[PDB]
file query_3.cif (mmCIF, N, CA and C atoms)
data_entry
loop_
_atom_site.group_PDB
_atom_site.id
_atom_site.type_symbol
_atom_site.label_atom_id
_atom_site.label_comp_id
_atom_site.auth_asym_id
_atom_site.auth_seq_id
_atom_site.Cartn_x
_atom_site.Cartn_y
_atom_site.Cartn_z
ATOM 1 N N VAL A 1 32.110 -45.785 75.064
ATOM 2 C CA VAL A 1 31.779 -44.531 75.725
ATOM 3 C C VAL A 1 30.330 -44.479 76.185
ATOM 4 N N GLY A 2 29.455 -45.288 75.601
ATOM 5 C CA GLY A 2 28.049 -45.221 75.941
ATOM 6 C C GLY A 2 27.709 -45.828 77.285
ATOM 7 N N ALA A 3 28.201 -47.036 77.538
ATOM 8 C CA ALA A 3 27.783 -47.791 78.709
ATOM 9 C C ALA A 3 28.437 -47.267 79.980
ATOM 10 N N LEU A 4 28.280 -48.018 81.069
ATOM 11 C CA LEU A 4 28.788 -47.634 82.383
ATOM 12 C C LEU A 4 28.201 -46.297 82.819
ATOM 13 N N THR A 5 26.897 -46.284 83.052
ATOM 14 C CA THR A 5 26.261 -45.103 83.599
ATOM 15 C C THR A 5 26.241 -45.167 85.120
ATOM 16 N N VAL A 6 25.894 -44.036 85.736
ATOM 17 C CA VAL A 6 25.906 -43.949 87.191
ATOM 18 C C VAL A 6 24.716 -44.648 87.824
ATOM 19 N N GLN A 7 23.693 -44.972 87.056
ATOM 20 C CA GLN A 7 22.587 -45.775 87.551
ATOM 21 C C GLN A 7 22.931 -47.243 87.437
ATOM 22 N N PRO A 8 22.495 -48.056 88.386
ATOM 23 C CA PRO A 8 22.847 -49.476 88.351
ATOM 24 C C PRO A 8 22.318 -50.151 87.097
ATOM 25 N N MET A 9 23.001 -51.213 86.682
ATOM 26 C CA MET A 9 22.661 -51.935 85.467
ATOM 27 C C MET A 9 22.408 -53.405 85.772
ATOM 28 N N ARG A 10 22.103 -54.171 84.728
ATOM 29 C CA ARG A 10 21.667 -55.552 84.872
ATOM 30 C C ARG A 10 22.691 -56.531 84.322
ATOM 31 N N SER A 11 22.312 -57.802 84.376
ATOM 32 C CA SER A 11 23.088 -58.894 83.819
ATOM 33 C C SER A 11 22.585 -59.219 82.415
ATOM 34 N N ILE A 12 22.983 -60.372 81.889
ATOM 35 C CA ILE A 12 22.620 -60.767 80.533
ATOM 36 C C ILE A 12 21.198 -61.309 80.484
ATOM 37 N N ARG A 13 20.939 -62.391 81.217
ATOM 38 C CA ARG A 13 19.593 -62.948 81.328
ATOM 39 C C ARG A 13 19.002 -63.386 79.995
ATOM 40 N N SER A 14 19.526 -64.462 79.411
ATOM 41 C CA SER A 14 19.017 -64.986 78.145
ATOM 42 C C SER A 14 17.533 -65.325 78.210
ATOM 43 N N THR A 15 16.924 -65.602 77.056
ATOM 44 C CA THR A 15 15.468 -65.665 76.919
ATOM 45 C C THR A 15 15.028 -66.985 76.289
ATOM 46 N N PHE A 16 14.462 -67.886 77.092
ATOM 47 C CA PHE A 16 13.798 -69.068 76.544
ATOM 48 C C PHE A 16 12.436 -69.379 77.150
ATOM 49 N N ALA A 17 12.164 -68.992 78.398
ATOM 50 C CA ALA A 17 10.903 -69.131 79.130
ATOM 51 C C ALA A 17 10.623 -70.533 79.676
ATOM 52 N N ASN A 18 11.243 -71.588 79.142
ATOM 53 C CA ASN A 18 11.269 -72.922 79.751
ATOM 54 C C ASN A 18 9.960 -73.387 80.400
ATOM 55 N N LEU A 19 8.871 -73.373 79.631
ATOM 56 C CA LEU A 19 7.522 -73.817 79.999
ATOM 57 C C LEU A 19 6.994 -73.348 81.353
ATOM 58 N N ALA A 20 6.662 -72.068 81.504
ATOM 59 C CA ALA A 20 6.164 -71.552 82.778
ATOM 60 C C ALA A 20 4.645 -71.664 82.900
ATOM 61 N N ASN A 21 4.172 -72.046 84.093
ATOM 62 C CA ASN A 21 2.743 -72.159 84.371
ATOM 63 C C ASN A 21 2.469 -71.807 85.824
ATOM 64 N N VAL A 22 1.198 -71.547 86.136
ATOM 65 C CA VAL A 22 0.807 -71.039 87.445
ATOM 66 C C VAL A 22 -0.292 -71.912 88.025
ATOM 67 N N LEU A 23 -0.099 -72.362 89.263
ATOM 68 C CA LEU A 23 -1.133 -72.996 90.062
ATOM 69 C C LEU A 23 -1.664 -72.013 91.089
ATOM 70 N N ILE A 24 -2.960 -72.112 91.371
ATOM 71 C CA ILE A 24 -3.617 -71.220 92.310
ATOM 72 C C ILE A 24 -4.367 -72.064 93.322
ATOM 73 N N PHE A 25 -4.018 -71.897 94.592
ATOM 74 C CA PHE A 25 -4.539 -72.690 95.691
ATOM 75 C C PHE A 25 -5.557 -71.866 96.465
ATOM 76 N N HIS A 26 -6.791 -72.360 96.523
ATOM 77 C CA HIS A 26 -7.875 -71.749 97.273
ATOM 78 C C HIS A 26 -8.250 -72.651 98.434
ATOM 79 N N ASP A 27 -8.421 -72.063 99.607
ATOM 80 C CA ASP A 27 -9.043 -72.773 100.713
ATOM 81 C C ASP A 27 -10.546 -72.501 100.675
ATOM 82 N N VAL A 28 -11.262 -72.847 101.741
ATOM 83 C CA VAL A 28 -12.710 -72.957 101.667
ATOM 84 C C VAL A 28 -13.437 -71.873 102.455
ATOM 85 N N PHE A 29 -13.008 -71.595 103.677
ATOM 86 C CA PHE A 29 -13.856 -70.836 104.581
ATOM 87 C C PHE A 29 -13.613 -69.336 104.522
ATOM 88 N N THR A 30 -14.564 -68.607 105.100
ATOM 89 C CA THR A 30 -14.702 -67.168 104.971
ATOM 90 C C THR A 30 -14.830 -66.530 106.345
ATOM 91 N N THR A 31 -15.157 -65.245 106.344
ATOM 92 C CA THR A 31 -15.172 -64.414 107.533
ATOM 93 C C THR A 31 -16.585 -63.923 107.820
ATOM 94 N N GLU A 32 -16.705 -63.160 108.904
ATOM 95 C CA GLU A 32 -17.895 -62.393 109.243
ATOM 96 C C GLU A 32 -17.557 -61.565 110.469
ATOM 97 N N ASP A 33 -18.372 -60.548 110.724
ATOM 98 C CA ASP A 33 -17.980 -59.506 111.658
ATOM 99 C C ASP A 33 -18.744 -59.524 112.972
ATOM 100 N N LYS A 34 -20.030 -59.729 112.949
ATOM 101 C CA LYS A 34 -20.662 -59.659 114.252
ATOM 102 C C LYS A 34 -20.478 -60.975 114.983
ATOM 103 N N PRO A 35 -20.333 -60.947 116.293
ATOM 104 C CA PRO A 35 -20.135 -62.190 117.045
ATOM 105 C C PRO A 35 -21.161 -63.274 116.751
ATOM 106 N N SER A 36 -22.449 -62.972 116.914
ATOM 107 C CA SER A 36 -23.529 -63.926 116.656
ATOM 108 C C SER A 36 -23.356 -65.183 117.513
ATOM 109 N N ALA A 37 -23.502 -64.977 118.814
ATOM 110 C CA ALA A 37 -23.192 -65.993 119.802
ATOM 111 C C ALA A 37 -24.163 -67.165 119.720
ATOM 112 N N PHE A 38 -23.913 -68.166 120.560
ATOM 113 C CA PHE A 38 -24.806 -69.320 120.680
ATOM 114 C C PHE A 38 -25.798 -69.102 121.815
ATOM 115 N N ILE A 39 -25.301 -68.897 122.996
ATOM 116 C CA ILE A 39 -26.153 -68.655 124.147
ATOM 117 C C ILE A 39 -26.159 -67.167 124.433
ATOM 118 N N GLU A 40 -27.303 -66.640 124.848
ATOM 119 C CA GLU A 40 -27.383 -65.216 125.117
ATOM 120 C C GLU A 40 -28.245 -64.984 126.341
ATOM 121 N N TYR A 41 -27.969 -63.895 127.044
ATOM 122 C CA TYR A 41 -28.840 -63.468 128.122
ATOM 123 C C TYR A 41 -30.184 -63.045 127.565
ATOM 124 N N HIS A 42 -31.248 -63.313 128.311
ATOM 125 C CA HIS A 42 -32.464 -62.553 128.085
ATOM 126 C C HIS A 42 -33.161 -62.387 129.423
ATOM 127 N N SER A 43 -33.896 -61.292 129.546
ATOM 128 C CA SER A 43 -34.330 -60.801 130.840
ATOM 129 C C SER A 43 -35.839 -60.693 130.895
ATOM 130 N N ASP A 44 -36.337 -60.482 132.110
ATOM 131 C CA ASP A 44 -37.699 -60.006 132.302
ATOM 132 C C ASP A 44 -37.848 -59.492 133.723
ATOM 133 N N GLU A 45 -38.815 -58.597 133.886
ATOM 134 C CA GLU A 45 -38.991 -57.808 135.090
ATOM 135 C C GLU A 45 -40.300 -58.187 135.757
ATOM 136 N N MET A 46 -40.466 -57.733 136.993
ATOM 137 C CA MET A 46 -41.601 -58.136 137.799
ATOM 138 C C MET A 46 -42.555 -56.999 138.115
ATOM 139 N N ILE A 47 -42.192 -55.759 137.823
ATOM 140 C CA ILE A 47 -43.019 -54.611 138.156
ATOM 141 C C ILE A 47 -43.507 -53.977 136.864
ATOM 142 N N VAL A 48 -44.806 -53.691 136.806
ATOM 143 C CA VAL A 48 -45.416 -53.253 135.557
ATOM 144 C C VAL A 48 -45.075 -51.798 135.276
ATOM 145 N N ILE B 1 -60.074 -32.807 151.116
ATOM 146 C CA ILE B 1 -60.684 -34.126 151.048
ATOM 147 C C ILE B 1 -61.754 -34.139 149.975
ATOM 148 N N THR B 2 -61.780 -35.200 149.176
ATOM 149 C CA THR B 2 -62.883 -35.411 148.255
ATOM 150 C C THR B 2 -63.343 -36.857 148.346
ATOM 151 N N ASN B 3 -64.495 -37.133 147.746
ATOM 152 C CA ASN B 3 -65.139 -38.429 147.867
ATOM 153 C C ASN B 3 -65.356 -39.058 146.504
ATOM 154 N N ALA B 4 -65.697 -40.341 146.537
ATOM 155 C CA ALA B 4 -66.144 -41.039 145.343
ATOM 156 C C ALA B 4 -66.878 -42.319 145.719
ATOM 157 N N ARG B 5 -68.131 -42.438 145.285
ATOM 158 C CA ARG B 5 -68.866 -43.695 145.396
ATOM 159 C C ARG B 5 -68.527 -44.508 144.152
ATOM 160 N N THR B 6 -67.321 -45.056 144.155
ATOM 161 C CA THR B 6 -66.798 -45.812 143.032
ATOM 162 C C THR B 6 -66.239 -47.132 143.533
ATOM 163 N N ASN B 7 -66.678 -48.226 142.915
ATOM 164 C CA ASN B 7 -66.195 -49.539 143.312
ATOM 165 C C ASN B 7 -65.907 -50.467 142.146
ATOM 166 N N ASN B 8 -65.974 -49.993 140.907
ATOM 167 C CA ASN B 8 -65.753 -50.819 139.734
ATOM 168 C C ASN B 8 -64.316 -50.781 139.239
ATOM 169 N N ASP B 9 -63.475 -49.932 139.817
ATOM 170 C CA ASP B 9 -62.067 -49.834 139.456
ATOM 171 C C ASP B 9 -61.342 -49.162 140.613
ATOM 172 N N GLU B 10 -60.082 -48.795 140.393
ATOM 173 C CA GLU B 10 -59.340 -48.033 141.384
ATOM 174 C C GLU B 10 -59.075 -46.607 140.921
ATOM 175 N N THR B 11 -58.337 -46.429 139.819
ATOM 176 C CA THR B 11 -58.163 -45.148 139.132
ATOM 177 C C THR B 11 -57.884 -44.019 140.124
ATOM 178 N N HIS B 12 -57.350 -44.366 141.292
ATOM 179 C CA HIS B 12 -57.089 -43.376 142.328
ATOM 180 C C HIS B 12 -55.744 -43.541 143.005
ATOM 181 N N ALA B 13 -55.047 -44.651 142.800
ATOM 182 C CA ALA B 13 -53.717 -44.872 143.345
ATOM 183 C C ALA B 13 -52.783 -45.139 142.178
ATOM 184 N N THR B 14 -51.905 -44.184 141.890
ATOM 185 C CA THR B 14 -51.053 -44.259 140.711
ATOM 186 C C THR B 14 -49.644 -43.836 141.081
ATOM 187 N N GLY B 15 -48.650 -44.498 140.500
ATOM 188 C CA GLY B 15 -47.275 -44.114 140.711
ATOM 189 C C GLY B 15 -46.293 -45.244 140.488
ATOM 190 N N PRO B 16 -45.013 -44.922 140.509
ATOM 191 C CA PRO B 16 -43.984 -45.939 140.303
ATOM 192 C C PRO B 16 -43.436 -46.506 141.599
ATOM 193 N N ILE B 17 -43.193 -47.814 141.639
ATOM 194 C CA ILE B 17 -42.541 -48.413 142.794
ATOM 195 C C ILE B 17 -41.096 -47.947 142.848
ATOM 196 N N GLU B 18 -40.625 -47.620 144.046
ATOM 197 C CA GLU B 18 -39.241 -47.224 144.230
ATOM 198 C C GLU B 18 -38.477 -48.133 145.171
ATOM 199 N N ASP B 19 -39.129 -49.131 145.753
ATOM 200 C CA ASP B 19 -38.489 -50.034 146.697
ATOM 201 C C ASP B 19 -39.441 -51.171 147.027
ATOM 202 N N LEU B 20 -38.914 -52.362 147.303
ATOM 203 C CA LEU B 20 -39.785 -53.508 147.527
ATOM 204 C C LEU B 20 -40.647 -53.301 148.763
ATOM 205 N N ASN B 21 -40.421 -52.214 149.493
ATOM 206 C CA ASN B 21 -41.296 -51.823 150.586
ATOM 207 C C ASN B 21 -42.141 -50.610 150.246
ATOM 208 N N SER B 22 -42.170 -50.195 148.987
ATOM 209 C CA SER B 22 -42.972 -49.039 148.633
ATOM 210 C C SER B 22 -44.446 -49.355 148.798
ATOM 211 N N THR B 23 -45.184 -48.379 149.310
ATOM 212 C CA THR B 23 -46.574 -48.585 149.676
ATOM 213 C C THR B 23 -47.523 -47.703 148.885
ATOM 214 N N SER B 24 -46.999 -46.862 148.004
ATOM 215 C CA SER B 24 -47.820 -45.971 147.201
ATOM 216 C C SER B 24 -47.400 -46.110 145.743
ATOM 217 N N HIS B 25 -47.924 -47.123 145.084
ATOM 218 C CA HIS B 25 -47.734 -47.292 143.661
ATOM 219 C C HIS B 25 -49.097 -47.427 142.996
ATOM 220 N N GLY B 26 -49.112 -47.802 141.726
ATOM 221 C CA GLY B 26 -50.370 -48.103 141.087
ATOM 222 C C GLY B 26 -50.824 -49.489 141.476
ATOM 223 N N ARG B 27 -51.295 -50.264 140.510
ATOM 224 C CA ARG B 27 -51.720 -51.627 140.768
ATOM 225 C C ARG B 27 -51.171 -52.528 139.681
ATOM 226 N N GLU B 28 -50.608 -53.650 140.095
ATOM 227 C CA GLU B 28 -50.133 -54.596 139.113
ATOM 228 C C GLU B 28 -51.111 -55.756 139.018
ATOM 229 N N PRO B 29 -51.129 -56.468 137.910
ATOM 230 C CA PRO B 29 -52.073 -57.580 137.776
ATOM 231 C C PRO B 29 -51.719 -58.737 138.689
ATOM 232 N N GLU B 30 -52.442 -59.843 138.553
ATOM 233 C CA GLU B 30 -52.278 -60.987 139.433
ATOM 234 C C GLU B 30 -52.326 -62.255 138.598
ATOM 235 N N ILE B 31 -52.070 -63.380 139.255
ATOM 236 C CA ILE B 31 -52.067 -64.680 138.599
ATOM 237 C C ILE B 31 -53.405 -64.910 137.912
ATOM 238 N N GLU B 32 -53.373 -65.410 136.681
ATOM 239 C CA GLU B 32 -54.581 -65.655 135.899
ATOM 240 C C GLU B 32 -55.180 -66.981 136.337
ATOM 241 N N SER B 33 -56.209 -66.914 137.167
ATOM 242 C CA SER B 33 -56.824 -68.104 137.732
ATOM 243 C C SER B 33 -57.986 -68.567 136.851
ATOM 244 N N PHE B 34 -58.789 -69.499 137.353
ATOM 245 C CA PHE B 34 -59.840 -70.168 136.590
ATOM 246 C C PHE B 34 -61.103 -70.239 137.440
ATOM 247 N N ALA B 35 -62.024 -71.119 137.044
ATOM 248 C CA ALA B 35 -63.383 -71.100 137.576
ATOM 249 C C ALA B 35 -63.437 -71.572 139.024
ATOM 250 N N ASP B 36 -62.988 -72.803 139.283
ATOM 251 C CA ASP B 36 -63.083 -73.455 140.597
ATOM 252 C C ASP B 36 -64.430 -73.192 141.264
ATOM 253 N N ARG B 37 -65.490 -73.694 140.642
ATOM 254 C CA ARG B 37 -66.851 -73.473 141.111
ATOM 255 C C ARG B 37 -67.399 -74.753 141.726
ATOM 256 N N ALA B 38 -67.833 -74.666 142.985
ATOM 257 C CA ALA B 38 -68.514 -75.779 143.649
ATOM 258 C C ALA B 38 -69.474 -75.185 144.681
ATOM 259 N N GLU B 39 -70.726 -75.003 144.275
ATOM 260 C CA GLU B 39 -71.730 -74.443 145.166
ATOM 261 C C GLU B 39 -72.073 -75.467 146.249
ATOM 262 N N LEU B 40 -72.882 -75.045 147.220
ATOM 263 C CA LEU B 40 -73.264 -75.878 148.355
ATOM 264 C C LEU B 40 -74.788 -75.895 148.379
ATOM 265 N N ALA B 41 -75.392 -76.773 147.591
ATOM 266 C CA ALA B 41 -76.806 -76.589 147.305
ATOM 267 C C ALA B 41 -77.620 -77.882 147.332
ATOM 268 N N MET B 42 -77.479 -78.701 148.375
ATOM 269 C CA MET B 42 -78.458 -79.758 148.630
ATOM 270 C C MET B 42 -78.527 -80.759 147.471
ATOM 271 N N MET B 43 -77.519 -81.633 147.432
ATOM 272 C CA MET B 43 -77.392 -82.689 146.416
ATOM 273 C C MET B 43 -76.982 -82.126 145.058
ATOM 274 N N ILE B 44 -75.873 -81.403 145.044
ATOM 275 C CA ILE B 44 -75.187 -81.118 143.795
ATOM 276 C C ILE B 44 -74.302 -82.307 143.429
ATOM 277 N N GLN B 45 -73.995 -82.445 142.143
ATOM 278 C CA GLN B 45 -73.315 -83.642 141.670
ATOM 279 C C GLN B 45 -71.821 -83.395 141.477
ATOM 280 N N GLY B 46 -71.143 -84.390 140.901
ATOM 281 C CA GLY B 46 -69.697 -84.500 140.942
ATOM 282 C C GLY B 46 -68.882 -83.501 140.149
ATOM 283 N N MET B 47 -68.923 -83.583 138.821
ATOM 284 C CA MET B 47 -68.140 -82.708 137.946
ATOM 285 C C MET B 47 -66.661 -82.737 138.343
ATOM 286 N N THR B 48 -66.059 -83.901 138.134
ATOM 287 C CA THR B 48 -64.721 -84.188 138.636
ATOM 288 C C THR B 48 -63.617 -84.023 137.607
#
call {"tool": "encode", "arguments": {"input": "query_3.cif", "output": "structure tokens"}}
result
Amino acid sequence: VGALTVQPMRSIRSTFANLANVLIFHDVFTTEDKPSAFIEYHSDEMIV
Amino acid sequence: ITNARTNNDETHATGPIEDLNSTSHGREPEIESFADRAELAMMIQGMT
């Protein structure tokens, strides 16, 4: 009489854990926001 | 009309250029030249 509720239920799922471990992969490079170009305009005028 | 016996500066023509044909502006500087001295004085020497 207890079981079979209206909310979904699970399976059996026995418990041994079978040697679990985690590897973590990092790459190298990063970001930045301002363009910071290579070549840029620069100006000058002829009238004082 | 007013006068001035002044010859050590200009201090009398002032304004902004508005066109490459403008004729009433202030004064802008000029190319920075050098000595170029060679008098004409009856057997002056080389200095080459």
call {"tool": "resolve_selection", "arguments": {"input": "query_3.cif", "expression": "the PyMOL selection byres ((chain B) within 8 of (chain A))", "output": "compact mmCIF listing (two decimals) with N, CA and C atoms, in the coordinates of the input"}}
result
# COMPACT_ATOMS: atom_id res chain seq x y z
N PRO B 16 -45.01 -44.92 140.51
CA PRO B 16 -43.98 -45.94 140.30
C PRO B 16 -43.44 -46.51 141.60
N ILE B 17 -43.19 -47.81 141.64
CA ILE B 17 -42.54 -48.41 142.79
C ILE B 17 -41.10 -47.95 142.85
N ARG B 27 -51.30 -50.26 140.51
CA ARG B 27 -51.72 -51.63 140.77
C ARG B 27 -51.17 -52.53 139.68
N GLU B 28 -50.61 -53.65 140.10
CA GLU B 28 -50.13 -54.60 139.11
C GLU B 28 -51.11 -55.76 139.02
N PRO B 29 -51.13 -56.47 137.91
CA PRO B 29 -52.07 -57.58 137.78
C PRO B 29 -51.72 -58.74 138.69
call {"tool": "atom_distance", "arguments": {"input": "query_3.cif", "atom1": "CA of residue 26 (chain B)", "atom2": "CA of residue 2 (chain B)"}}
result
19.2 Å
call {"tool": "atom_distance", "arguments": {"input": "query_3.cif", "atom1": "CA of residue 25 (chain B)", "atom2": "CA of residue 13 (chain B)"}}
result
6.5 Å
